[PDB]
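# Structural characterization, general
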Amino acid sequence: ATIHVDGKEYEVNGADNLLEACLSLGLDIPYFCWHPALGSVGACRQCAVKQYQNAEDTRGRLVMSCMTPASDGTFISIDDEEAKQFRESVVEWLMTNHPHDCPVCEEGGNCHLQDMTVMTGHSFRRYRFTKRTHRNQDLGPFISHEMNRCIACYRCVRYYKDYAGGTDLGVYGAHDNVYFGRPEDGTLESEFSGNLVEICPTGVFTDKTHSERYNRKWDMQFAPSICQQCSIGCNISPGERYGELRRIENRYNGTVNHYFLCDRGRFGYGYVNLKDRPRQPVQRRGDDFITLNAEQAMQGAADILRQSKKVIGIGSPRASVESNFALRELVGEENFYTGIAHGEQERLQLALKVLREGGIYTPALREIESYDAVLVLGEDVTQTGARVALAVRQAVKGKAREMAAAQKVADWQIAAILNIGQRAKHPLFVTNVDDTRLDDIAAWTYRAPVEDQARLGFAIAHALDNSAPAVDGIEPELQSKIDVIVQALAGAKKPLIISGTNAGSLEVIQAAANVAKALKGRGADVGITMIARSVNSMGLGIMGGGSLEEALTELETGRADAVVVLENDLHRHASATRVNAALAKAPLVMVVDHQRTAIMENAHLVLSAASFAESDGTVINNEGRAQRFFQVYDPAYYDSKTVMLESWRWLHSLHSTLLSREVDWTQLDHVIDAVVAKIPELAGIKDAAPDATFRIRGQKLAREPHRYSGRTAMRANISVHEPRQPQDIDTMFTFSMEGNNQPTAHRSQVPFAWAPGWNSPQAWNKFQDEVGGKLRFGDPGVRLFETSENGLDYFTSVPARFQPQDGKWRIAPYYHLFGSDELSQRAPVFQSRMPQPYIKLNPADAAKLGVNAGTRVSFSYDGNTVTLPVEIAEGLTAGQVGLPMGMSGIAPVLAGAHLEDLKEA
Amino acid sequence: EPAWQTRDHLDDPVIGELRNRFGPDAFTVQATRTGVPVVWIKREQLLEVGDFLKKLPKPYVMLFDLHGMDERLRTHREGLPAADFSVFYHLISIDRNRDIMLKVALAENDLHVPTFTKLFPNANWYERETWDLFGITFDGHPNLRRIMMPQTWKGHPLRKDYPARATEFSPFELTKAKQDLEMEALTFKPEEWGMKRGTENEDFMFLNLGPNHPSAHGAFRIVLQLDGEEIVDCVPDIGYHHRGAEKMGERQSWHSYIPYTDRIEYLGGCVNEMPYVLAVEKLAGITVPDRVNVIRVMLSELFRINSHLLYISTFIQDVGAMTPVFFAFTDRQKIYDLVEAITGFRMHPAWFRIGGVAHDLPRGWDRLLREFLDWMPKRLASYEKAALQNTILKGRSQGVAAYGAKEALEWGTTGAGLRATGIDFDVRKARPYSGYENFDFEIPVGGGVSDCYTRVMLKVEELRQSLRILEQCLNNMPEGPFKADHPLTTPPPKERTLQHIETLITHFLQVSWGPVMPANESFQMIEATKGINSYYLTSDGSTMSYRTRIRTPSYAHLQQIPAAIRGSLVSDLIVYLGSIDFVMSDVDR
Amino acid sequence: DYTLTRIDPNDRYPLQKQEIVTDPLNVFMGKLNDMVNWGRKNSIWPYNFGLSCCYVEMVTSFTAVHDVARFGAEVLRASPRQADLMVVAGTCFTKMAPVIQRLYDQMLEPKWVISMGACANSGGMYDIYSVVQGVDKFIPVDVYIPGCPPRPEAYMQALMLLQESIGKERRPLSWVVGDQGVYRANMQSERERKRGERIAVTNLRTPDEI
Ligand SMILES: CCCCCCCCCCCCCCCCCC(=O)OC[C@H](COP(=O)(O)OCCN)OC(=O)CCCCCCCCCCCCCCCCC
Ligand SMILES: CCCCCCCCCCC1=C(C)C(=O)C(OC)=C(OC)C1=O
Ligand code: SF4
Ligand code: SF4
Ligand code: SF4
Ligand code: SF4
Ligand code: FES
Ligand SMILES: [Ca+2]
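Residues numbered from 1 in each chain as written, not as in the entry; some residues may be left out. Chains lettered and ligands numbered in written order. Part of a larger assembly, values for the part shown. Heavy atoms only, no water. Residues with missing side-chain atoms left out of burial classes, pairs and counts.

## Details of empty space enclosed by the protein
Its boundaries defined by the atoms lining it, the largest cavity holds a volume of some 290 Å³. Residue composition of the lining of the largest cavity, by class: 8 nonpolar, 11 polar and 8 charged. (1 Å grid on protein atoms, 1.4 Å probe; cavity = no way out; pocket = protein on both sides within 12 Å on 5 of 7 lines; lining within 4 Å. Points joined across faces, edges and corners; volume = space filled by probe spheres on them. Nonpolar A, V, L, I, M, F, W, Y, C, P; charged D, E, K, R; others polar.)

Quick look at the structure:
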């Protein structure tokens, strides 16, 4: 289609409305209620443009550019006097009841309403009467609520209900007394409530964690990074001020995490700002604790390493690719051990084998929203990989989108989309040990142990293609449900199969792979998705190594007299007693970490590593996409005593000092080239982000905005002489505003969104080729592997039916979004949010034990008689005990294990 | 129809003559808010266009400005030829009362332009400054060396990739090796200028007058060759007062750049503020009310009286009479009391704003203005009868460093010298800015030669005219607003900021990120206290200036200096330095 | 509660060593030193050196409407040898830092340094490539003046502060007998001294009045 704006001819996409058709070309129209992902509702009436149907038309009509399709031959005027006066009047009407709260507002300089008040040129107030006020609700530890600043643009209710699926936020009130919130006070229990701080154009829903230690947007030092709290790897923009991480903002990735994060990744950053964190290298002689800087620590570590017969290294799925590779090259290829256990590594290797060898195209997170029928086997997505659950909700609403598009309704008429599709939605079949958070839209939910879920998957795979291995012994009711799932999946056009290593079983992944292979054999565009546990689980599995049991038995047998533990707590993947014995037995433990782990008492040397905010690196998400996360700040700028370096830098300098007795602090590009040289299958991480020599017309990229303040006074308490700003030799960014952050620069890594006249999170519209689509000049991060030409065979080893053995209790994993991450539970803001540790029991088994809810049951696992209060789970199957993974003293390695001595105490 | 509108300027006769001479496909015309015909001309035809403008029936006999520009980051270049760098030549025809801006486009690799020194001899320092700050080479230039930065300097400061702040670079550590290297780099090497040190009979002796000389009015160093007392030639070395104010214009916002514009000429103040804020108001589309124009005219004339008083006192002291400078500084204290009353500061007021002024006039400024207007003329008559009619001062001043109209035109001389040469080109009359048409005041024009005495009494008559303007402003003062009602007026009025929310939003977004001027180009040329000061502002649509070019008259006067003092004595050079009215902050910026 | 500086040319400027020592102050030598300090602080000859705006304000202070001559500090010699005080009044540019270092070396002790203005104190408003961030990067400064420009009576107040600094300092009477190190008193800061009279200020006159 071809449109005419003010006499200028523009080629646009005719399936789009006029608002983002003009926003794609760079034409500024004020707007509040429209969002690129939600749709158009025509509420705020701010997007008015004067439309003409002929080339010679004087009057025209003031039409809504978010509600008028951009067909071929529309002559719209934006800067006309009538349209500008009406837009100014709408801004004025929104400004009649707005409070005088801008200095004391958390979105000052980040406000969409401020940008559209200055954009329309409204600065004179002739309203003289009183302003309406509203009370505020306590929405929990995350969201600060201030309803006086609202403009009734209906974005919060639209996102939270029609997009996030939440049920506790709604619109109440009257004519002008419109309220947006809960029917009472209490925590917003949705797992995607954190995006309300950027969906809301005003300062109603604000980040309370940021509001504790608050600084303005221009005071933030930003960086592009990857969220480390689970395996999805959503792109984030960490921003710091005064040496502590202040706020995690959303970063636009058109393929992964376009406009929405989750609460664990958005509010779980509080572990970085802990004072218990090691900031200097600390060495122990017996009970004496001394502090060294980098050089003497490196020389002493190299001396003790040379005085040992075999140095072993225990990596972690939390650390980056470069740091794990540095440990591997420091300790040797054969002596490198992955920090995960044997079962977790087996499930991870199977998931990687299905991904990069199964011949089935695994889709990205943006591509999930277009799949028709979704089968989730084993994985509790909403509490582990929550963004995949949100994309699953979008793919479910795709059916109503399809019926709406069949009735000649444009895609941006979202109200008509839910109008036509009242309750009809795509099939979703979830399996878990209990009820999930996806049960509101799921076509079926199977509450069963992992053996029965795996057998259900094998039954689906056999009933699709008869060459698949059959399971015998299914009840006819479950057989009818199997037939229903088969009819739903076979009749679809883009089936999706979602599994992962969080189910605690291998046969679940085998069954999901067999279902995907059977769907592929019938001639369908089937996709698969394995959700891993940690952020860099996939990269550690790709690199490989031994299990934690092998490292512990090397330490216990005496063949390893020196162990380097890289960013691992070692109690999350093994028992605490065995780890403590194997570490006290070893005469040298060197823990390189940025967190005060429990094993640092046994550590002979502690090396203060850097977290994601203070280190550069590459992480591989759950779909094989290599992504580079950059440094936000130099920790030594404010606290000059702080010797806190990148873990790969620590290990590479230790390797160099061990070899040639010289200390050589390397660069990130050298380590990246070493990875892509020694490991052929990690060669794609060179293309994840360009090197430190990349310039936009000769200059670097700025980490802080052009109006960064207090350069000559933020360090004046220590010394009045402002030092040289830190130099980033590793990456292409600089710790200064002398850099390029234009929206039209030929780059993919964007630290923050800012345009002249666009200060809100809506400033991301200028950084894309089309608004709501991919990022301009391509999205960052590349896939490590392609789809194979041929796939795997049928996994024949079906499991047996779950028969509850007396005495032994199978442990059913109950993952929580707030508490199952190793680092997110260390945040002090999650302690007021995470639930209490409850052991979950069937009513029948609790009645057999005689225990009621509330009382304490003690259970012993490897000499640890730990007591937990009891919650009753009706959906849990008999013979199991429900345990929360990742909590205090309950490791995720407990999944699938037995539990003897379960008595009331 | 407002004066700030983008005028494409095809109605200029010079565009018609250029179309008829070079054809309809030789140059492009740019529509800007500068009020200037902007002609993009190919590099091969630059010398032909310069000769054509030099040989017009009413020709462009003035090279007002010559400077480069980095266009590598300018996103909004619609209607513009493709260019990585550009060079603009601003030329003035006085008899036409017209001016033109010729821009030549250069790629990043092919950064060489034909020289402009032969057509206009004052292009030497401008081409040196363009080479120093942008790296652009001029073919045929005699001595292409750095003029702002020292010879031991790597990189070009005004390029977009060069960092601006000293905290980004390493801090200044002065070691023995660096001190020795920088002291040897600052040493004058006479073979590099072809000085011909010595003669077959007797040797010439080289003297470094500046920096730190009681007659050198600032950071100015001149290296002067003497045979006995006589001067053979002069090498004026500048760059000892460089502050990088243009790079600061690319570093500060529109509102926060006002103190930096104020410190460009530290005896100018509001006179330095006026072209910048007028160019910003041209960019925004703001028409200021009458009271704002009267207030800014009054402050400009007050600071003009202050600057002329200082200039007269320094000239009298440089001749040798050390007495009247104390009384002149007492009248400066009276002016400082008035300026403290109005703006709140003595000498760097930082008071002018976009679309108005900072505060309103306090209750009682007319009393202090009446006291100053009573105090001034008797003191001026005393200074005249004590020193400016002295025959010793006349002997030291009359006939010393005299030049005609052709030397004042080919060297870019403006202000007192240009009017003393008989060229009646005053900005306050020919191109009246800020409502100068509402004030009646005469223009002093000399007899055709620029002596030191002629310049000094022309500045005395300018002081008397400024006193007349102040009297007219005091007797007739409007009663209106002190800020414009435009939404882009920065900052908004304070009381509406304090008790309205739209005004609070506007003020909040205008002091934090800065006002968002649209992507356009503006120019404002005014008559400063020392000559003609002009601001050329290119906006990329952002909240900062994409390019800030400041043309100052003291630069052209200092470049003229070797052509008007050659063959004279050192005493004549001292009197000439005292009778130019230059400051080195104006020269080096 | 004093400090000692010892100078020796034979790397990084300033070429001196400073330590924290105790005042040694002798029934006639102490009064002799007091008389010498009185004569030194009651006759100061400032150097006629100027860089920028702040020099114009310094010579505004030099005139007959403020009359710094009353303190015996109007002499204003243009030679570094005859001068007794370097007032760095202006911006310390990059190309002039060798010139200022040379002019400080040509000066003779007893010598004192007064930084005038924000450019000389810290680099001021010009955080730019071609300006040394503060003149104290290479020369020791005795008295600091905030301002841009400092008003003339602020320069006079700094001159009196330098006089109080001279009046309580120990210098060698003769260059042949005694120690040649320079003892300068660590006086109480004027911020701490004036905190008593500055916090108690309650009401000022509104800006609309003249
Ligand atoms: C105890 C002893 C001291 C007692 C104290 C009281 C007496 C003080 C006496 C001070 C004497 C100062 C003499 C200064 C002489 C300067 C002469 C000079 O250089 O004149 C040159 C000047 C210009 O000459 P011009 O012809 O233009 O240049 C030729 C270039 N082609 O020529 C001109 O401008 C023309 C006019 C020249 C005037 C020459 C001086 C006249 C007499 C001295 C001044 C008056 C002193 C007081 C007299 C008594 C008052 C009651
Ligand atoms: C004789 C005591 C001072 C009298 C009052 C000031 C006299 C005029 C000073 C002029 C001047 C200025 C402004 C000046 O900026 C300067 O350069 C640093 C000079 O050289 C030292 C000057 O002479
Ligand atoms: S939401 Fe925006 S307009 Fe409202 S008080 Fe906050 S910053 Fe001001
Ligand atoms: S609370 Fe925010 S998102 Fe919701 S209607 Fe009001 S302004 Fe819109
Ligand atoms: S889904 Fe995972 S990667 Fe994404 S924001 Fe949440 S915790 Fe971070
Ligand atoms: S501190 Fe201010 S007045 Fe002094 S030299 Fe610097 S800019 Fe000029
Ligand atoms: S954006 Fe169109 S009415 Fe709100
Ligand atoms: Ca780094």
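## Looking at the interface of chain A and chain B
At the interface, 44 residues of chain A touch 41 residues of chain B. When the two sides are added together, the surface that chain A and chain B hide from each other amounts to roughly 3,800 Å², 60% of it contributed by carbon and sulfur. Among the residues chain A hides against chain B, the three largest losses belong to A:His100, A:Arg697 and A:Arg707. Together they make up 19% of the total. In this assembly, chain A and chain B are joined by 3 salt bridges. Here chain A and chain B share 13 residue pairs in polar contact between them. (Contact = heavy atoms within 4.5 Å. Buried area = accessible area lost by both parts, 1.4 Å probe. Salt bridge = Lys/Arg side-chain N within 4 Å of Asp/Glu carboxyl O. Polar contact = N/O pair within 3.5 Å; in protein donor to acceptor, adjacent residues only side chain to side chain.)

## A few points about the pairing of strand β5 (residues 74–77) of chain A
Residues and elements named next belong to chain A. The side-chain alternation of β5 yields two buried faces, one formed by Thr74 and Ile76 and the other by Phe75 and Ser77. With 3 bridges connecting them, strand β3 (residues 48–52) and β5 associate as antiparallel partners. Paired with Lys50 across the two strands is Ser77, which belongs to β5. (Buried < 20%, exposed > 50% of the residue type's maximum accessible area, 1.4 Å probe, protein only. Helix = DSSP H or I, 4+ residues; strand = E, 2+ residues; numbered from the N terminus. Pairing = 2+ DSSP bridges.)

## Things to note about the coordination of the calcium ion (ligand 8)
Residues and elements named next belong to chain A. Coordination sphere of the calcium ion (ligand 8), protein contribution only: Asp616 (OD), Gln631 (OE1), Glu646 (OE) and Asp730 (OD), at 2.5 to 2.6 Å. In primary sequence terms, the donor set of the calcium ion (ligand 8) follows D-x14-Q-x14-E-x83-D. Taken together, the residues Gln631 in the loop between β27 (625–629) and α21 (647–660) and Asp730 in the loop between β28 (701–702) and β29 (733–734) connect sequence positions 99 residues apart. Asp730 gets classed as buried once you look at its relative accessible area, which sits at 3%. (Donors = N, O, S within 2.8 Å, 3.2 Å for Na, K, Ca; no water.)

## Observations regarding the site of ligand 4
The full set close to ligand 4 counts 13 residues, and A:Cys150, A:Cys153, A:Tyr154, A:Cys156 and A:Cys200 are the nearest of them. Of the residues that constitute the shell around ligand 4, the class distribution is 11 nonpolar, 1 polar and 1 charged. (Near = heavy atom within 4 Å.)

## Thoughts on the environment of C:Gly90
All names here are of chain C. Mapped onto the elements, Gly90 comes out in the loop between β3 (86–89) and α3 (97–106). With a relative accessible area of 1%, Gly90 lands in the buried category. Taking the C-alpha atoms as reference, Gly90 lies 23 Å from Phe71; in sequence the two are 19 residues apart. In this structure, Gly90 is in contact with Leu51, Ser52, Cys54, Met116, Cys119 and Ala120, ignoring residues within four places of it in sequence.

## Looking at the domain arrangement of chain B
Residues and elements named next belong to chain B. Domain boundaries assigned for chain B yield domain 1 (13–139) and domain 2 (245–588). Computed from C-alpha coordinates alone, the two centres of domain 1 and domain 2 are separated by 28 Å. Taken together, the contact pairs 37 residues of domain 1 with 33 residues of domain 2. For the pair domain 1 and domain 2, the two sides together bury roughly 3,100 Å², of which 57% comes from carbon and sulfur. For the domain 1 face of the interface with domain 2, the top three residues by lost area are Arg33, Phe64 and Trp125, together amounting to 24%. At the boundary of domain 1 with domain 2, the tally comes to 22 residue pairs in polar contact. Elements represented by at least two residues in the side of domain 1 that touches domain 2 include exactly β3 (62–70), β4 (85–93), β5 (98–106) and α3 (123–134). Element by element, the count of residues in the side of domain 1 that touches domain 2 is highest for β3, at 8 residues. Its residues assigned to classes, the side of domain 1 that touches domain 2 shows 16 nonpolar, 11 polar and 10 charged. (Domains from an automatic or database assignment.)

## Side note on the nonpolar core
In terms of nonpolar packing, the biggest core is built from 208 residues, with B:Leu53, B:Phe116, B:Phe372 and C:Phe138 touching the most fellow members. No other element matches the 14 residues that helix α8 (residues 290–319) of chain B contributes to this core. Taken domain by domain, this core gets at least three of its residues from each of domain 1 (13–139) and domain 2 (245–588) of chain B. In contact with B:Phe116, not counting residues within four places along its chain, are B:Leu46, B:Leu47, B:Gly50, B:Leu63, B:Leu66, B:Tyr89, B:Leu91, B:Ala123 and B:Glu127. Judged by nonpolar contacts, the second largest core, of 130 residues, contains A:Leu38, A:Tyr160, A:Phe205 and A:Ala763. (Core = buried A, V, L, I, M, F, W, Y, C linked by side-chain atoms within 4.5 Å.)

## Points about the layout of surface pockets
Unfilled space is identified by rolling a water-sized probe across the atoms. Residues and elements named next belong to chain C. In this structure, the second largest pocket occupies an estimated 1,900 Å³ of space. Forming the boundary of the second largest pocket are 49 residues, of which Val113, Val141, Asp142, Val143 and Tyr144 lie nearest the centre. Secondary-structure elements contributing two or more residues to the lining of the second largest pocket are β1 (2–7), β2 (16–21), α3, β5 (143–145), α5 (152–167), β6 (182–185) and α6 (190–198). For the lining of the second largest pocket, the leading source of residues is α5, giving 6 residues.

## So, the site of ligand 2
Surveying the vicinity of ligand 2 reveals 15 residues, the closest of which are B:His213, B:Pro214, B:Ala216, B:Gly218 and B:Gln317. Around ligand 2, the nearby residues trace back to chains B and C. Here an oxygen atom of ligand 2 and a backbone polar atom of B:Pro214 are 2.9 Å apart. Within the backbone of B:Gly218, an N or O atom sits 2.6 Å from an oxygen atom of ligand 2. For ligand 2, whose accessible area on its own is 580 Å², the fraction buried by protein is 89%. Those elements giving two or more residues to the shell around ligand 2 turn out to be α8 of chain B together with α2 (53–61) of chain C. Take the shell around ligand 2: its biggest share by element is 3 residues, from α2(C). For the shell around ligand 2, the per-class residue count stands at 7 nonpolar, 8 polar and no charged. (Areas by Shrake-Rupley, 256 points an atom, 1.4 Å probe, with all protein chains shown as cover.)

## Things to note about the side chain of B:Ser450
Residues and elements named next belong to chain B. Looking at where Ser450 falls in the secondary structure, it is placed in the loop between α14 (427–430) and α15 (452–475). From its side chain, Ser450 meets the backbone oxygen of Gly417 in a polar contact 2.7 Å long. Aside from chain neighbours lying at most four places away, what touches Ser450 is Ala401, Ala402, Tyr403, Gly417, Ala420, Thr421 and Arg455.

## Some points on the sheet that holds strand β1 (residues 2–5) of chain A
Residues and elements named next belong to chain A. On the basis of which strands lie adjacent, the open sheet formed by 5 strands has the order β2-β1-β5-β3-β4 and mixed pairing. Strands with a single pairing partner mark the edges of an open sheet, and in this sheet they are β2 (8–11) and β4 (61–64). In this sheet, neighbouring strand axes are inclined to one another by 40° on average, regardless of whether the strands run parallel or antiparallel. Sheet analysis places β3 next to β4, joined by 4 bridges and oriented antiparallel. Counterpart to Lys50 in the pairing with β4 is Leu62. (Axes fitted to C-alpha atoms, helices over the stretch in contact; angles between N-to-C directions.)

## Some words on the interface of chain B and chain C
Counting residues at the interface gives 61 residues for chain B, matched by 53 residues for chain C. Linking chain B with chain C are 2 salt bridges, by the criterion used here. The residue C:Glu57 makes a salt bridge to B:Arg346 at a minimum N-O spacing of 3.2 Å. Inspection of the chain B/chain C interface yields 21 residue pairs in polar contact. For the side of chain B that touches chain C, the secondary structure elements donating two or more residues are α4 (176–185), α5 (245–249), α6 (258–262), α9 (324–343) and α10 (365–388) of chain B. For the side of chain B that touches chain C, the element with the most residues is α9(B), which contributes 8 residues. Taken together, the residues of the side of chain B that touches chain C sort by class into 35 nonpolar, 13 polar and 13 charged.

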